[PDB]
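Both counts, for ligands and for their atoms, begin at 1 and track the order of listing. All values below were derived from every heavy atom in this structure, side-chain atoms included, with hydrogens, water molecules and symmetry-related copies excluded. Here is the naming used below: chain letters follow the sequence lines, and residue numbers restart at 1 for every chain.
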Amino acid sequence: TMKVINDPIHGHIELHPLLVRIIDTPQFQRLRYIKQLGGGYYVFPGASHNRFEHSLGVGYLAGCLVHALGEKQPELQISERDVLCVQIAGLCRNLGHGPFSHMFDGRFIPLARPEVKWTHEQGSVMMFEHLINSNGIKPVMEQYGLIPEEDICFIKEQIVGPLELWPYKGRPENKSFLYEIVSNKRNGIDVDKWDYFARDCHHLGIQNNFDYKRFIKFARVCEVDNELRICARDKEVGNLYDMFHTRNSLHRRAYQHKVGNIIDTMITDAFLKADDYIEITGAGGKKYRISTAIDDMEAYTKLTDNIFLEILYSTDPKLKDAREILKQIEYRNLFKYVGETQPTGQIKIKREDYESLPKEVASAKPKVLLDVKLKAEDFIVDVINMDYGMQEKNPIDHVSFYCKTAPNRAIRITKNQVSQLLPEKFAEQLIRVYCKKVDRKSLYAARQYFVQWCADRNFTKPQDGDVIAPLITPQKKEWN
Amino acid sequence: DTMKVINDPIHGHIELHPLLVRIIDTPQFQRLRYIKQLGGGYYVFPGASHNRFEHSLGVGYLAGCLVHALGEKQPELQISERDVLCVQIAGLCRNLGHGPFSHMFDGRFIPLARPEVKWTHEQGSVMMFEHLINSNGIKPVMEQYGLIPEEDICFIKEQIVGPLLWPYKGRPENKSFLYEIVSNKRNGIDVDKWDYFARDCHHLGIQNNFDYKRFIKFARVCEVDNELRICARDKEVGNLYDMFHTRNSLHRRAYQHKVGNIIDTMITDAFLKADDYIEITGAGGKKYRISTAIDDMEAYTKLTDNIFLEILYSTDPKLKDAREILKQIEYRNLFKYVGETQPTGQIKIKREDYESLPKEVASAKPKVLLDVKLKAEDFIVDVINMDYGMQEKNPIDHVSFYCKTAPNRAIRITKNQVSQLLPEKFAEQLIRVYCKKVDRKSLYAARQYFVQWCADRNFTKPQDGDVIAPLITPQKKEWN
Amino acid sequence: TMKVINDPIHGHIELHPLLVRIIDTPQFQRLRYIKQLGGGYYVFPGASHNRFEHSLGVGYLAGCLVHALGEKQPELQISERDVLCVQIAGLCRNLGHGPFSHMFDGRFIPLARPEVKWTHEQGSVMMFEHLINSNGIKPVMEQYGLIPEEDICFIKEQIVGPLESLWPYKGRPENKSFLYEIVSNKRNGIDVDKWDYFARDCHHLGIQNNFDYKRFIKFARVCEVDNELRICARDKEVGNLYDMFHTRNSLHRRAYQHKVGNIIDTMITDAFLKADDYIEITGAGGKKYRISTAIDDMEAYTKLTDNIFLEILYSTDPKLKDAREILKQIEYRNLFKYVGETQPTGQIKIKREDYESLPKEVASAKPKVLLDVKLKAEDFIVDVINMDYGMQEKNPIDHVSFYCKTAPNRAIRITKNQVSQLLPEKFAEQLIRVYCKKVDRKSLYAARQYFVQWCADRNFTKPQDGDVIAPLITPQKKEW
Amino acid sequence: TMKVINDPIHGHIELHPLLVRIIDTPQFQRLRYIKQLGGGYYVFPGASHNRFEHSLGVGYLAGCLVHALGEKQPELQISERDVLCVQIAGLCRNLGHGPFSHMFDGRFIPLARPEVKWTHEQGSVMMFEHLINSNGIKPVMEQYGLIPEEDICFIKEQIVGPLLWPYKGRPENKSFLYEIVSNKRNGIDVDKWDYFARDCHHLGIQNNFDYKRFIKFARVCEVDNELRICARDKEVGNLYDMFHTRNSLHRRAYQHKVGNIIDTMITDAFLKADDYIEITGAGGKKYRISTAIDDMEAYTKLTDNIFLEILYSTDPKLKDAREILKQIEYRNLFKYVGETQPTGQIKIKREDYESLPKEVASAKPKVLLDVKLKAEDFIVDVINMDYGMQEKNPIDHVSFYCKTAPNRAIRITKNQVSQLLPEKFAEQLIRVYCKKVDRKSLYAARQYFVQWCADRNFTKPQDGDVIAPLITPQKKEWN
Ligand SMILES: Cc1cn([C@H]2C[C@H](O)[C@@H](COP(=O)(O)OP(=O)(O)OP(=O)(O)O)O2)c(=O)[nH]c1=O
Ligand SMILES: Cc1cn([C@H]2C[C@H](O)[C@@H](COP(=O)(O)OP(=O)(O)OP(=O)(O)O)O2)c(=O)[nH]c1=O
Ligand SMILES: Cc1cn([C@H]2C[C@H](O)[C@@H](COP(=O)(O)OP(=O)(O)OP(=O)(O)O)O2)c(=O)[nH]c1=O
Ligand SMILES: Cc1cn([C@H]2C[C@H](O)[C@@H](COP(=O)(O)OP(=O)(O)OP(=O)(O)O)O2)c(=O)[nH]c1=O
Ligand SMILES: [Mg+2]
């Protein structure tokens with residue numbers, strides 16, 4: 001039988017018994033202990049929500065879209081088997097997230113294990129495999145008409161893309177539109193965003209959203225270059241632009257909030273300091289570190305936001321340094337935000353260069369009297385890539401549309417056909433600088449270094465530059 | 001008289017000072033209950049039943065909130081209760097001048113019915129305001145509550161319509177910031193937008209709006225070029241860009257919906273056909289027409305959306321033609337939307353040229369076989385100016401900011417200091433074409449004329465151009 | 001073909017072309033000019049909504065429920081024909097409402113035409129026929145597979161009940177009995193009409209309360225009950241059903257029967273009575289009707305809407321001076337004054353036929369207090385309001401069938417004692433409001449004395465403010 | 001300066017710097033790790049919210065109400081000092097909650113430490129004292145004009161009541177201030193107002209109390225020789241609705257049958273872990289889950305984390321505790337059998353709760369059964385549902401005023417309002433569950449249960465005729 005669940009975003013949602021079986025596992029229930037926005041909760045107190053409930057939402061919306069396409073276009077031959085596979089992929093696409101979500105894969109792993117190339121998407125696939133095998137799900141899949149060999153492959157492909165011509169093995173070209181629902185590699189328009197827009201806004205207290213219900217009603221499948229793809233109605237093109245504008249707004253105001261990011265940074269530092277001493281038991285009783293738990297799904301299953309509290313509540317002297325950082329978070333003695341700037345023209349900063357940047361800021365030499373002299377280790381420089389999901393490219397150039405007068409005929413719509421008030425660029429970098437020395441004099445010094453460093457590098461003038469560094473800003477003619 | 005509490009679905013329970021209640025409980029104000037905020041938009045968005053009355057309450061309330069907030073935070077501004085009430089009254093009364101179907105009346109009907117005259121709802125609001133005050137003995141009531149009618153009436157009118165050197169007489173330069181609350185001529189950031197974003201979204205069914213409560217909390221007054229102005233906190237700049245983006249979204253999706261506009265056009269047409277025959281009694285028993293009721297406020301008081309029904313329910317044979325158009329609206333036999341295009345690059349179309357455009361479309365000679373030949377009178381061409389409120393200018397360039405480290409010091413923030421993902425242009429024109437002949441063949445013909453016309457004029461390729469006019473689009477090399 | 005409409009309560013809803021044909025008629029579109037809450041708009045400014053949009057909502061929810069039952073239980077043999085008939089009945093159940101909705105049938109007609117018995121439900125049926133016959137809808141119905149003779153009967157029965165046991169309906173047989181429970185549930189009043197108005201009225205009034213109908217639809221099933229197939233609710237929903245009726249009563253108390261909204265309805269009714277001789281409405285064959293006789297000709301009734309209010313207000317004819325003066329008093333907020341509220345004690349119930357005598361009784365009370373002025377029957381208005389759970393003294397939940405998870409096909413009854421001791425022991429009551437047409441201070445004071453004396457004389461409940469408004473009277477009654 | 005914070009329920013709220021100092025302490029931040037609804041999150045997935053954000057809301061609303069009263073009635077002499085003390089009490093009233101909130105004081109402590117009498121309210125006062133002393137807050141209070149000796153007493157009194165006019169923190173002329181945060185007279189306070197709105201937002205139930213309306217109509221009047229908060233007469237129906245809503249929310253959410261069983265399972269796991277888990281308190285001294293309430297330094301570190309510490313443990317001593325939590329993750333929960341209520345006169349005492357599983361197991365249904373069940377196979381959960389004041393009507397303990405005499409307080413009786421109101425204001429619900437989840441065990445449990453209801457003259461379970469068609473006929477009253 002169906003289970004009904006009340007979700008505050010989507011209302012009462014029905015879950016097929018197979019989905020319930022997947023949900024009621026330690027691998028899935030784990031998502032209850034991982035905050036969707038990580039350190040954002042420490043800035044937006046409404047953002048208490050966890051990955052668990054977001055995953056239900058994604059699974060539900062995936063089901064909505066595939067059901068809608070099937071109702072409208074029986075000739076697509078969408079089967080219940082297809083519907084369940086799409087729902088399962090929707091449910092399980094977040095399985096791979098670690099403590100504090102993007103902090104873990106965005107900050108901690110890159111620093112702890114630079115050799116490795118690792119993403120929550122890969123984690124989701126591994127967790128999914130572990131979930132299936134640990135809980136005897138394959139037999140249950142067969143009971144409901146699924147074919148595990150093909151369908152597990154199809155599900156993994158929906159999350160992570162080809163495990164590698166038509167590159168997919170889980171389904172053929174005629175069902176290509178199914179791969180656009182959960183995680184859309186072509187243009188990023190998928191049900192994951194649609195849930196998190198609505199859920200995050202509900203919790204953050206921001207009244208913004210994408211109308212996904214409207215979008216689903218106007219979605220159709222058409223042939224595009226000998227593939228069946230999801231097409232949007234021509235009139236939806238402006239709403240799609242708005243969708244990405246919203247996404248960017250949410251990153252600016254919330255996901256990349258300057259303080260939420262510094263808290264993530266502080267937690268990451270604490271995890272690095274604890275990484276040698278914390279042990280997580282995996283398969284065979286055998287022990288992993290925070291940074292190696294990714295190698296064993298049984299261990300990774302037990303790696304959640306709980307680690308934060310394990311460190312905070314520890315008494316072991318080896319963890320004193322890690323614990324001290326978290327204590328500073330509770331007292332709100334955070335690293336201090338100094339300012340924000342951007343690279344000018346086409347200058348872009350490489351990931352490998354990130355390490356050198358604190359050194360560059362400390363090297364600056366402002367022509368101002370300073371009580372204190374700061375060092376590289378006193379500065380944090382956070383570089384944030386902001387885009388429309390596709391680096392420099394416009395995702396709407398990778399969207400196919402149809403018109404009311406010829407619903408089967410797919411078309412392209414260029415930016416110029418829509419509006420001159422749209423963005424001319426679709427990617428940029430933000431640079432935030434913080435100082436670990438929080439006293440008045442240290443902070444004043446840090447401002448001088450920072451603004452001097454912006455000038456030296458011909459970055460943009462910080463918005464408060466004339467107030468925080470009135471002696472420095474006059475030197476740069478461009479600024480005034 | 002005592003203070004009144006009223007439950008508004010947008011703002012909750014709001015308190016109204018007895019003076020404001022006296023102004024509200026007049027025929028001149030209550031009239032606004034019978035004018036739809038969005039006019040013909042109700043005929044596309046069925047939730048948009050709301051009238052100008054309740055919007056006016058909201059504007060008055062928010063005007064009060066902002067001025068109170070400024071006073072609390074900065075006593076040195078010397079904001080008085082008298083100032084607060086004047087600002088609230090201007091907020092309440094700013095919409096008094098709207099006519100039937102709001103912007104239809106101002107924007108479409110009067111320009112066509114009385115081209116000699118130059119008329120705006122803003123001017124109407126001032127005239128109505130005067131009429132309201134004098135007809136209802138409000139001046140004595142104003143003095144009772146500490147207002148000085150000569151100065152304060154002038155101040156209120158100036159807030160609505162601008163000046164009738166420091167050009168204002170109602171308040172001096174030290175109180176300049178008060179003129180920025182109700183109708184902000186400098187940059188358009190005022191409480192009117194804040195109420196209509198939230199109210200229209202609530203009714204339309206679209207999730208958006210601007211967080212005005214947040215904005216009020218971060219608003220301050222600072223000296224700018226020897227004037228005291230409202231300044232926003234530096235960190236709010238992105239939210240201000242977002243405010244205008246939202247405004248433009250709402251215009252695109254709702255206020256300029258292609259069908260809501262054609263319904264307004266049809267109603268305008270019916271009013272033109274009824275203008276000779278409908279009589280409205282004004283001062284001294286003198287009779288006016290729909291188009292001349294603007295000259296006498298006693299008459300204009302009785303001119304509301306009711307005239308629509310007076311025409312629809314008429315039996316007089318003189319009104320048969322007007323009545324037939326409205327009947328077509330009820331049967332949904334509307335003029336048919338042919339398409340949309342834009343001028344390319346810097347071309348702009350003047351208001352005086354609008355008349356000639358249907359002639360131009362009818363003069364296009366598409367190289368296609370047509371059964372039927374269309375005439376100028378068969379075409380409607382609607383030209384819509386879409387901007388950020390200041391024609392080609394960026395309103396954020398006319399905003400002053402302050403930073404946390406020096407709250408009294410105003411600064412400027414340029415677009416390059418905020419984001420490269422912002423618009424490079426801030427005004428554009430949309431051109432919609434419709435046809436009054438609704439049969440299949442007439443419509444097909446209209447499409448060919450339209451696309452040919454776009455090509456001839458080097459306008460943008462209509463989004464569905466290749467589908468509606470496959471023979472025409474190939475000729476233009478630019479289009480493909 | 002399908003139309004999509006954005007409703008702020010339900011989101012994007014699809015309408016089948018047949019329903020669109022019904023909607024795009026003067027008989028339907030008329031509902032755009034009738035306020036859902038009538039005079040309530042004059043108390044809650046958000047309540048600008050009209051019967052039109054509510055009707056779309058009812059039609060949509062009727063569809064949702066019937067679709068849900070069909071998905072879950074294919075063995076019911078629900079056909080698309082069934083679905084459309086249920087939707088049409090949902091759309092059309094409000095067609096019979098007159099100006100200001102319940103004012104018209106609840107106040108005006110009873111007073112203008114006491115000989116006649118008339119209800120909006122009967123109006124809806126008559127309007128429905130008129131709509132079908134005037135617009136050639138029967139052929140269109142046949143085109144989509146409907147059988148007009150049966151189906152029109154079925155639709156009318158859904159609105160108004162049987163047109164004259166064991167099975168009293170002709171439009172559908174006992175096996176389809178559950179379909180008659182969707183639009184207007186005569187058995188217990190649990191239907192989609194309430195579900196829409198709770199959510200819509202709350203959204204507009206600014207009250208957060210509503211009933212979770214989407215939850216209810218998910219738990220609804222059809223079971224055999226006494227050889228009929230009926231809708232049954234899950235046992236666990238019984239408390240939510242009690243809550244549904246509590247919400248209904250809350251809404252009546254706070255809004256639909258707000259003391260001032262009611263007095264405004266009363267004033268408008270008085271104005272209509274005074275205009276009834278002079279206003280003419282053209283019906284079939286050019287024949288002329290009055291406001292009170294337009295109910296006899298649907299062509300005339302089609303043109304009878306809230307517009308009449310403004311026609312009276314804006315009139316210059318001296319015959320209409322008295323009517324017009326009443327409406328003018330409404331605009332100035334010079335209303336009949338609320339004196340107080342009381343209830344009958346224990347057994348006592350007051351009949352509609354007695355309503356005329358009550359003002360006489362109040363005027364006959366002889367308070368032992370010094371009075372400057374002496375009041376007459378004609379100076380008093382006594383409004384008696386019946387508040388119940390939809391079924392006079394009866395508990396509607398006693399007329400609900402439930403099922404349990406362990407035997408889903410087995411219908412059961414649940415008594416009040418099986419649910420809670422905190423529920424109501426009675427399900428009907430009366431409120432008595434008294435108002436005075438003389439608004440001066442001395443007249444009002446006198447009215448209060450008559451009123452409280454009258455309450456004491458009749459052993460009604462002590463008005464809440466009784467000791468404040470009549471400190472000399474309340475001591476005489478020992479109980480109080 | 002003021003901090004501004006965006007709360008999804010209240011919007012942008014300003015926090016005075018003193019309140020920020022109190023918030024940015026381990027004692028306060030601890031509330032981030034305690035779910036407001038405990039096991040309810042396991043039934044309503046939207047209910048992720050913690051006590052922390054609820055406490056911000058309560059503090060804000062406390063400020064709103066006191067500010068409103070001050071604006072409207074300057075003659076009350078409400079000072080900024082008064083405002084801050086009321087806000088602090090609002091912020092800090094939830095400080096004393098333990099893991100999974102009401103589970104801890106409602107289920108676990110009573111079972112683990114029956115000799116002790118403990119409430120989260122007492123915990124809040126103890127935590128508050130610990131917070132102040134540990135973080136040097138007293139000097140900061142004086143900096144902003146507070147007088148710690150009087151004002152700390154006043155704050156504690158607001159949370160827990162008195163430690164003649166029985167209060168020492170403020171005099172009788174300021175008595176209305178004690179009605180804002182935790183209203184002992186009738187329960188109408190800002191704590192409910194926040195949790196109604198916040199819980200509804202998260203649970204997905206569009207129900208609520210309009211507290212903004214209420215605040216606008218609230219006034220202080222003399223009642224007896226006390227200054228009290230009085231509501232406008234017209235708000236009486238809203239106040240009845242407020243308690244109806246409260247009871248609705250308890251029925252649908254806070255006492256959800258499955259949420260309660262999960263709380264019961266977690267409590268059981270804690271009891272099994274209580275001997276083995278150690279929490280370091282003051283002086284390096286070690287405490288147990290059940291004794292951490294004696295030392296605030298230890299209690300500071302006692303949060304929902306303990307659930308995961310047990311779940312992730314490898315120690316064999318914790319196997320039994322860990323197994324129970326593992327069953328929760330697999331959703332192998334004890335099964336709900338049914339619900340019943342005592343009839344007429346009858347009420348069940350707390351001391352009798354233990355015996356009830358024995359009584360159910362002792363019922364002898366006249367039906368053929370494959371399996372025989374034992375006392376230990378049954379859980380019987382007895383829930384007292386009321387309007388906050390046992391049998392009493394809280395509206396009888398509310399004072400009102402009318403628009404014609406705003407300074408004259410009055411009473412409004414139930415009969416003056418409506419005959420559709422409740423005639424009783426307290427009742428008991430009895431839920432029975434079975435630890436044996438198989439088909440045959442279930443079927444047996446249902447027979448025992450319904451027989452037991454019959455034997456005890458309890459109400460007929462709603463599905464009684466379906467689950468026990470052989471049993472229900474014997475009882476004439478039922479049919
Ligand atoms: C009882 C109830 C539950 N809910 C929510 C909580 C859950 O997320 C979801 C399902 O809860 P329930 O409907 O209570 O489902 P259940 O599994 O507890 O009962 P059973 O298996 O006997 O049918 O609905 C409400 O929103 N409102 C309510 O009134
Ligand atoms: C009674 C009531 C009114 N309202 C709304 C309707 C109105 O817009 C607003 C004020 O209505 P009321 O509070 O009814 O005020 P009133 O002027 O009718 O009564 P009095 O003059 O005696 O104080 O509040 C609610 O939102 N909830 C309620 O429970
Ligand atoms: C354009 C648009 C419309 N709406 C609403 C307004 C209407 O109620 C509903 C239908 O609007 P449209 O989708 O614009 O439908 P249409 O009939 O105008 O277009 P076409 O016939 O070419 O398909 O959608 C939105 O909610 N958001 C939007 O962006
Ligand atoms: C930036 C931003 C924050 N918020 C929320 C997040 C926080 O809860 C709250 C405060 O955030 P900020 O206003 O960013 O406060 P801050 O302390 O980071 O900035 P500063 O100290 O420089 O003044 O507002 C929004 O709602 N919208 C926004 O656009
Ligand atoms: Mg009033």
remark   = Quick note on ligand 2: atoms under 4.0 Å from a heavy atom of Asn7(B) include exactly 5 (C), 8 (O), 9 (C), 24 (O), 26 (O)
message = Less than 6.0 angstrom separating the ring centers of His50(B) and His202(B), yes or no?
response = no
ask   = So which heavy atom in the protein is nearest atom 19 (O) of ligand 2, and how far is it from that ligand atom?
value = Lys259(C) NZ, 3.0 Å
Per-atom contacts, ligand 2 versus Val5(B) - under 4.0 Å to a heavy atom = 9 (C), 10 (C)
ask   = Any idea which of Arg253(C), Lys234(D), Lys4(B) brings a heavy atom closest to atom 13 (O) of ligand 2?
value = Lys234(D)
ask   = Is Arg333(C) close to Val260(C) at the side-chain level, that is, under 4.5 Å between some pair of heavy atoms?
value = yes
query = How about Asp200(A) and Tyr255(A): does a side-chain donor come under 3.5 Å of a side-chain acceptor?
reply = yes
remark   = In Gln464(C), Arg433(C), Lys259(C), the residue satisfying side-chain hydrogen bond (donor to acceptor under 3.5 Å, both in side chains) with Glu341(C) is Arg433(C)
ask   = Between the candidates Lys216(D), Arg213(D), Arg232(D), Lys403(D), which shows the shortest non-hydrogen contact distance to atom 28 (C) of ligand 2?
value = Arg213(D)
ask   = Where does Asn238(D) meet ligand 2, judged by heavy-atom distances below 4.0 Å: at the side chain, the backbone, both, or neither?
value = side chain
query = Can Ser48(C) and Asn51(B) be counted as having a side-chain donor-acceptor contact under 3.5 angstrom?
reply = no
query = Do NZ/NE/NH1/NH2 and the carboxylate oxygens of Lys3(D) and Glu14(D) come within less than 4.0 Å?
reply = no
inquiry  = Classify the ring geometry of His245(A) against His245(B): parallel below 30°, tilted from 30° to 60°, perpendicular beyond 60°.
reply    = parallel
Closest approach of any protein heavy atom to atom 29 (O) of ligand 2, naming residue and atom = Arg254(C) CD, 2.9 Å
message = Any donor-acceptor pair under 3.5 Å linking the side-chain atoms of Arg199(B) with those of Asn209(B)?
response = no
inquiry  = Among all the protein's heavy atoms, is there at least one whose distance to atom 17 (O) of ligand 2 comes out below 4.0 Å?
reply    = no
message = On a heavy-atom basis, I'd like to know which of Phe44(A), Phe218(B), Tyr42(A) is closest to atom 6 (C) of ligand 4.
response = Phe44(A)
Contact (N/O only, under 3.5 Å) between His257(A) and ligand 4 = yes
Element-labelled atoms of ligand 2 that are located less than 4.0 Å from some non-hydrogen atom of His13(B) = 24 (O), 26 (O)
inquiry  = Can you confirm, on distance only, whether ligand 2 has an N/O atom lying under 3.5 Å from any N/O atom belonging to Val43(C)?
reply    = yes
